[PDB]
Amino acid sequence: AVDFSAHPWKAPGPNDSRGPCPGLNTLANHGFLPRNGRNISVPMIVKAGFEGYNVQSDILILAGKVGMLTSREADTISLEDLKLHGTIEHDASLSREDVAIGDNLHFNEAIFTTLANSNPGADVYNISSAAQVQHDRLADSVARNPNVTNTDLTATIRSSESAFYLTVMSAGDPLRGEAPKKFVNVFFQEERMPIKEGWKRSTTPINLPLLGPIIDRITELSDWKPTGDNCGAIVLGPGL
């Protein structure tokens, strides 16, 4: 029971904190999280993710508390803090550049081209297109970034993020692992819920049981292999 008319999209202003995550950015841009993107807690993320997307607490508590590590504060972050490389933020993003060779924070259209051009001849993105995109994005990083980090952990996060856009921006049952291109494109390009375009919050809860087989299938189809030491160590706090 949520009124989205009470949660209009507004462009972030100059001092509004935004991060590398289109999911949290979009929530902020609709006031499900504070529009200023600051002093955000895990409880706020849980509630916002539920209200906006029908994403459940299981994934948001797990991801949320890892994200809290990126700030210097006891129990909040600014959305921009999440750019901290090697906590959650990773190389071979769908819409951002690798931190060693560019901007790991802002939407980048040239990077997004690979996703935007995926699944030619359908009007949806799906599990096989998502996997191909992941394969191609990793190949790009391996080719152009000598400092690329690619581990079981980064690969899992990446597949989770692909599963997120397929499910949250779905038309049908998020189970189907497919989302209209016109919805997903608005999500990434404008960090807006495509309400005008016909999108509605899922009526099916999106949780780890639902996401898990989608994640695993994306990974499997992506023809993935580790790089280097394959160490799943995260950065535990900023400025260590």
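Start at 1 with the first residue shown and count on from there.
Exercise for the section: May I ask you to compare 139-147 and 153-161 by their mean CA B factor in the entry and name the higher one? Expected result: Averaged over C-alpha atoms, the B-factors run higher in 139-147.
Problem - 28-36 or 59-67, whichever carries the higher mean Cα B-factor - result: The deposited B-factors put 28-36 ahead on the C-alpha mean.
Exercise for the section: Going by the CA temperature factor in the entry, name the top one among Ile77, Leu84, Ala122, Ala131. Expected result: In the PDB entry, the greatest C-alpha B-factor among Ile77, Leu84, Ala122, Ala131 is found at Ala122.
Exercise for the section: Classify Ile215 as lowest, middle or highest third according to the C-alpha B-factor given in the PDB entry, relative to its own chain. Expected result: Within its chain, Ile215 is a lowest-third residue by C-alpha B-factor, going by the deposited values.
Problem - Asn207 by Cα B-factor - lowest, middle or highest third of the modelled chain - result: Lowest third.
Practice task
Going by the recorded CA B-factors, say which third of the chain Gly172 sits in, lowest, middle or highest.
Solution key: Highest third.
Practice task
Can you work out whether the C-alpha temperature factor of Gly52 puts it in the lowest, middle or highest third of the chain?
Solution key: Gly52: CA B-factor falls in the middle third of its chain.
Problem - Entry-reported Cα temperature factor of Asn104, expressed as the chain third it lands in - result: Tercile = middle for this residue's CA B-factor.
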